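One chain follows as structure tokens, the form deposited without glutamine (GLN).
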């Protein structure tokens, strides 16, 4: 069966004090390496918060080696490409530096704040589009507000331009599977909860244009949510931290939550996505190696 395989990991960005990683980040690096070795991966998606707590200063920042390259260094992961987007902490520093780092590290691919990826499932005519968004420039930086919510964008032109781009791209996308990814959640039951900006501006487009799933991090846990139209919400924000909060449980429409794992003494985890001509599958994997939940999502008509 033709297949495209990828890991989606969020909020993995270590720490700025020595040794520049956490035990959770290392456990996820090892667990991801084991998953790649045993099941395979064509690429890894980062769902943002790549360098805690204030990003990187420029493209030569030692954190690229300390928190990224040296951490994800097990043999099975050498040469697996990453496709990256930014979170709020990245935007407290220099995101242009993370984009420029694409020219330094072969496996790091981050061409602009938001961009389109297209894949053909090998030995099939089935196609996949992934739209990588910058939810910080769209909605604001949550760290700019005492509320730790993205109350408004810093720059109106950047936000309006990205929204227009999303709309145009989603209206034109002909692919068999269409995924959208961004740092902040549409829906989440946890410490930050739903992002009002995305519920208002992005979700109507995901629905109208029959997107398969929206992938995100930002809340430091694992969740699968699904609305009554079958649109999936893959929340994978557990590469470095585990927050057991259910603070926003009642702010998500009843029944949307299908799976949640946030145990405070867990090492975290990630999502593993498999796309075939038959369906898309998502498996949530704890950093201890345990498979926690698996679900499938359909092809677009």
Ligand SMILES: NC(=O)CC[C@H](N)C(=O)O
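Positions refer to the first chain, counted from 1.
Below: the form solved in complex with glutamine (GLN), not depicted.
Peer 1: How about residue 26 - does it come within 4.5 Å of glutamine (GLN) in the entry with it bound, if we only consider non-hydrogen atoms?
Peer 2: Judged by the heavy-atom cut-off of 4.5 Å, residue 26 is well away from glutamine (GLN) in the entry with it bound.
Peer 1: Does any heavy atom of residue 66 come within 4.5 Å of a heavy atom of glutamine (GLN) in the entry with it bound?
Peer 2: Output for residue 66 is no: heavy atoms all beyond 4.5 Å of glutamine (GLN).
Peer 1: Would residue 250 count as touching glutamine (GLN) in the entry with it bound under a 4.5 Å heavy atom rule?
Peer 2: Because a heavy atom of residue 250 falls inside 4.5 Å of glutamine (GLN) in the entry with it bound, the answer is yes.
Peer 1: Classify residue 34 as contacting or not contacting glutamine (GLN) in the entry with it bound by the rule of any non-hydrogen atom within 4.5 angstroms, answering yes or no.
Peer 2: No, residue 34 sits far enough from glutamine (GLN) in the entry with it bound that none of its heavy atoms falls within 4.5 Å.
Peer 1: Just one of 163, 84, 170, 231 has a heavy atom within 4.5 Å of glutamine (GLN) in the entry with it bound. Which one?
Peer 2: Comparing distances to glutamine (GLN) in the entry with it bound, the residue within 4.5 Å is 231.
Peer 1: Between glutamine (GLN) and 212, 259 and 291, in the entry with it bound, does every residue show a non-hydrogen atom at 4.5 Å or closer?
Peer 2: Yes: 212, 259 and 291 each sit within 4.5 Å of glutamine (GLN) in the entry with it bound.
Peer 1: Since the partner is left out here, which residues of 182 to 217 would have a heavy atom within 4.5 Å of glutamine (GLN) in the entry with it bound?
Peer 2: 187, 191, 192, 196, 199, 200, 203, 206, 207, 210, 211, 212, in sequence order.
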